[PDB]
């Protein structure tokens, strides 16, 4: 096991433009606090519109025809991404420590989940750089028609606080492998791993201006990015409300292309013929992983009437044994909730459950008067019209609903405006394939949960997003198609 770094000193706190470190134009700074201790970690430069303008101009200059970045052969862009993945692997303990300091997630989770995802995503997209191919199209005997899959240009990336470095790498890996340049804005709550990655980008050998990073607030830096007349594309991960604002500002300004990865109201469907212990364990991790603060969280667990009581009973036994505490401690599986606004949000919904007719089975309150920890809560007798089944709790609350037929559970699972993920538990071939085809979700897991791969696309149907991240499909978000049609005389 890797050794925890409980007293790490943050070295990168400035704006990264043209492979150099800058103070904010205004001189302003903001603090980042550790969610576990509530103490301040350091001050970071606070970017605003003038810093975004400087970053966008550097990105435009690095993308211009004839630039060192544009002149690189396709395989050399792949080599640079592999060199960046080598550095991320070398500095893995430090990156995971900065992520634990900023988010409060357990060190071993940051090391084995977040950082593993970063390295695998970088290596996967490094291999696509010389494999981005257009088409030769047959038309007429005297015509040569073909398509070029060109880089779009300057790409803005806006990410959230729950998986800071990972959500940034899901955009940076395909963007760079396609030949674009970038302006990144990490969440104000979690700027540290992004700034450290800036140092590795320069060390890997990327030409100045290919990646620029401006820390700051959403309505200031984020809005300057979404409305910028010289940013050609934006990729956003975060809340549905902010995703709508970003896509609106992008449309209002220069019609820049927009990828959105938003929340969900993700269902779990457990059939009577499932391996019940597998379904209980997967639905447990689905609800309680990352303190419930994950876009993939299960918000509705639909269980067939035949196994309903036994599923509730075994779920209650699993929720009580979860170790909660200090993130840097090896035994810890659940750290604190990011902030007071999140901790109070989760606490307010549990009361509505008991008042609407649902039976509280376990938990239902905060852990202790010291940190932002909440007790794993399970609810039975949940119905569709209830608040705990209609709203994204983003906390450790497991609502268990009952169903009788496949057709009925398909209608209920799809009765939401969201569609990010779904998980089905059954040993039956026909039920598994029928549910996988019928569920309106970007990813359908069968007999598993949270099984992500750099090679498999991920994203939402309906209001859970626009576009896909990961897989070959991610490349379509970072390229522009040009048709060249030549008529021979």
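So that the term is clear: the rigid core is the largest set of C-alpha atoms that superpose within 1.5 Å between two forms. Numbering follows the first chain given and starts at 1.
Averaged over structures and residues, the CA distance from the shown form in 7 other deposited structures of this protein after a core fit is larger for 352-360, of the two stretches 389-397 and 352-360. In this entry, 399-407 shows the higher mean Cα temperature factor of the pair 399-407 and 117-125. With 183-191 and 287-295 compared on mean CA B-factor from the PDB entry, the stretch scoring higher is 287-295.
The residue among 175, 224, 249, 378 whose C-alpha carries the highest B-factor in the deposited model is 378. Per the deposited coordinates, the residue with the largest Cα temperature factor out of 256, 82, 171, 359 is 359. In this PDB entry, the Cα temperature factor of residue 457 sits in the bottom third of its chain's modelled residues, the lowest group. When the CA B factors of the chain's modelled residues are split into thirds, the value for residue 271 lands in the middle one. Among the modelled residues of its chain, residue 392 has a C-alpha B-factor that falls in the highest third according to the deposited record.
When the modelled residues of the chain are ordered by their C-alpha B factor, residue 14 lands in the middle third.
In this PDB entry, residue 60 carries a Cα temperature factor that places it within the middle third of its chain's modelled residues.
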